[PDB]
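The structure appears right after this line, and notes come after that.
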Amino acid sequence: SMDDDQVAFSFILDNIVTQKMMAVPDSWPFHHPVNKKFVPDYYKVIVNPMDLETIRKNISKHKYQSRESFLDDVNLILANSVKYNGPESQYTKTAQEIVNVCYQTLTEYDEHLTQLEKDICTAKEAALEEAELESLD
Ligand SMILES: C[C@@H]1COCCN1c1cc(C2([S@](C)(N)O)CC2)nc(-c2ccnc3[nH]ccc23)n1
């Protein structure tokens with residue numbers, strides 16, 4: 001079912017986050033949203049904040065239906081470090097390793113993720129078609 005497939009897809013992504021990305025050494029700056037009381041300037045600069053806790057919350061809500069949408073938020077972590085800390089900051093080097101281990105692990109699971117992504121997309125289109133046919137009955 002689309003529910004079993006979304007659960008599987010989300011579990012794979014969550015395991016990539018907790019077992020690989022969160023395990024990158026010294027990755028603590030990216031585990032949670034920046035606290036405005038600690039870094040008030042952060043939210044004057046960073047318009048689209050992102051972090052690994054927020055990604056996990058999004059996974060639990062089944063936000064990500066595709067590898068692309070998942071990686072959109074993953075890359076935001078890196079892009080935001082480039083902007084706030086600079087492209088050569090040690091913070092950005094760490095964010096880069098987080099992104100790289102994400103890519104590496106996605107590649108290991110690309111066969112299964114690609115199939116889940118396709119099957120979720122077909123089931124979603126079918127449910128949309130049926131809902132529209134029912135509303136017009
Ligand atoms: C602003 C820096 C550099 O870019 C990425 C995130 N970064 C963070 C992130 C955090 C959080 S947190 C405690 N939830 O705000 C998410 C874990 N914290 C501090 C921080 C907080 C207080 N003093 C500090 N001194 C130096 C850094 C620092 N930096």
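So basically every Cβ, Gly included, is an ideal-geometry build from the backbone, and we count neighbours across all protein chains shown. No lab work stands behind these numbers, since they all come straight from the coordinates.
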Inset, instruction - Only residues that are more than 9 Å from the ligand (Cβ to nearest atom) and either over 15 Å from residue 80 (Cα atoms) or surrounded by 11 or more Cβ atoms within 10 Å (Cβ to Cβ) (or both): list them for segment 28-44, please. - result: 40, 43
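Would you confirm whether any residue within segment 4-27 is farther than 24 Å from residue 127 by Cβ, in contact with an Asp or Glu (Cβ under 7 Å, 6 or more places away or on another chain) and within 12 Å of the ligand (Cβ to nearest atom)? Talk me through it step by step, then tell me what you get.
Here is the first cut: in segment 4-27, the residues farther than 24 Å from residue 127 by Cβ are 15-27.
Next, from what is left, pick out any that are in contact with an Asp or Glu (Cβ under 7 Å, 6 or more places away or on another chain): 24.
Applying the additional criterion that residues be within 12 Å of the ligand (Cβ to nearest atom) yields none.
Within segment 4-27 (the criterion being farther than 24 Å from residue 127 by Cβ, in contact with an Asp or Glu (Cβ under 7 Å, 6 or more places away or on another chain) and within 12 Å of the ligand (Cβ to nearest atom)), the answer is no, since none of the residues qualifies.
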Legend entry - Cβ-Cβ under 6 Å pairs, at least 6 apart or on other chains, segment 80-95 side closer than 16 Å to residue 48 by Cα and of a type in the set (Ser, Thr, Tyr), far side more than 9 Å from the ligand (Cβ to nearest atom) and in a helix (DSSP H, G or I): 84/45
Inset, instruction - Quick one: in segment 51-89, of everything that is in a helix (DSSP H, G or I) and small (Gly, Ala, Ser), which residue is farthest from the chain's Cα centre (by Cα)? - result: 81
Inset, instruction - Provide a single number: the residues in segment 51-91 that are under 25 Å from residue 120 (Cα atoms) and more than 9 Å from the ligand (Cβ to nearest atom). - result: 24
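Just to be sure, is residue 47 away from the ligand (no atom under 12 Å from the Cβ), hydrophobic (A, V, I, L, M, F, W, C) and within 11 Å of residue 98 (Cα to Cα)?
Answer is no for this residue.
From the list 92, 105, 18, which residue is assigned to a helix (DSSP H, G or I) and touching a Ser or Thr at 6+ places or on another chain (Cβ under 6 Å)? Explain how you work it out, then say what you get.
On the way: 105 fails: touching a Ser or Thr at 6+ places or on another chain (Cβ under 6 Å); 18 fails: touching a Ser or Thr at 6+ places or on another chain (Cβ under 6 Å).
One residue alone meets the criteria, 92.
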